[PDB]
Each structure stands twice: as structure tokens, then as C-alpha cells.
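Participant: let's see this in three dimensions:
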Amino acid sequence: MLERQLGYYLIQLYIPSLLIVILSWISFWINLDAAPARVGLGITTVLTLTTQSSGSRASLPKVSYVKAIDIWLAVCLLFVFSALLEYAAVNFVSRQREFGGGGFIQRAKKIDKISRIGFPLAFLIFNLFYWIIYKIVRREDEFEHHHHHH
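Facilitator: Numbering: from 1, shown residues only. Take a look:
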């Protein structure tokens, strides 16, 4: 009966897991092909830390199991959502690159638009998980703290 003490490891583990996510796009501007090595390494570190995180949840996956489903069923979709619209936009441009893909050579000169939409999208997420993490521990894990409100 030590599931309420798991959130502590999820809080300190979420900090870095959330930071690496923001850098994903910020670095995807060039890692999109120029150097995806950084995108393939960080993406494997997040999926590996999430699949293994369920290892310590064998004690009693009831309280944290449900709370983990509310966060595990939105992140993977939200991250792949904004990334799916971009990978589908460039392909929807002509709807048939097989017809005339010779004009892609002049596409390497991107305006880094990924940063334009990623700026407000990254700040919103960082503040969305920071205000929800320091709040959840209070309006859910209050019994864990003593004097500290947050």
C-alpha cells in the first residue's frame, strides 16, 4: 500500500520528460532530416521511460493507475497531433509528390515556421504541466504534505 508515494517519482521524472518534449520541435526544425539523430534519441528516451514507469506500478496499480490513464491518454496523442498535421500538410500541398517533386530542392529554405507555432505551443504546455503538477499534489496529494499548501 504505497502508491500515493509514487507521484513523487512521477513529478521529478515529468520535469525532464516535459522539457525534452518542448525541445523536440525546437530542434525538429533542423532534425527533420538534417540531423534527426537528436530527434530519434529523445523520442526513444520518452517512450522508454513511460513504458518502464509502469514497472513500479505493480505494487498496487489502482490509485496511480487511474490518474496515470488521465495523463497517458492525451500526451501521446497531443504530441503526435501537432506533428501529424505538419507531416500531412507538406504531403497535402500537391497531393501527389510523385507527379512533380523536383521543386522540393528549393524547399530546404524553410522560414522555421515550426518555431512560430511552437513558441506559443511550447510555453502553453510548460505552464500547463507546471500549474497542474504543483496543483495536483495539493488537490489530490494534500494528505502527502503537511504545512506546504502546494
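
Participant: CA atoms for contacts and neighbours, from now on please.
Facilitator: Fine.

Participant: quick one, helices of the protein?
Facilitator: For the chain, applying DSSP state H gives helices covering 7-31, 37-52, 63-72, 75-92, 113-136.

Participant: okay, these, which one's buried deepest?
Facilitator: Burial of the helices of the chain is given as mean neighbour count (mean count of other C-alpha atoms under 10 Å); helix 7-31 ranks first at a mean of 16.

Participant: for that one, packing partners?
Facilitator: Contacts defined by 3 or more C-alpha pairs under 8 Å, 6 or more residues apart in numbering; DSSP states H and E place helix 7-31 against helix 37-52, helix 113-136.

Participant: turn those helices into TSV, including distance to residue 13.
Facilitator: Below are these laid out as TSV (distance: least, C-alpha to C-alpha, whole Å):
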stretch	distance to residue 13
helix 37-52	9
helix 113-136	11
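
Participant: ok, which of those helices comes nearest residue 26?
Facilitator: Shortest distance between residue 26 and the helices and strands packed on helix 7-31, using C-alpha to C-alpha, is found for helix 113-136: 6.2 Å.
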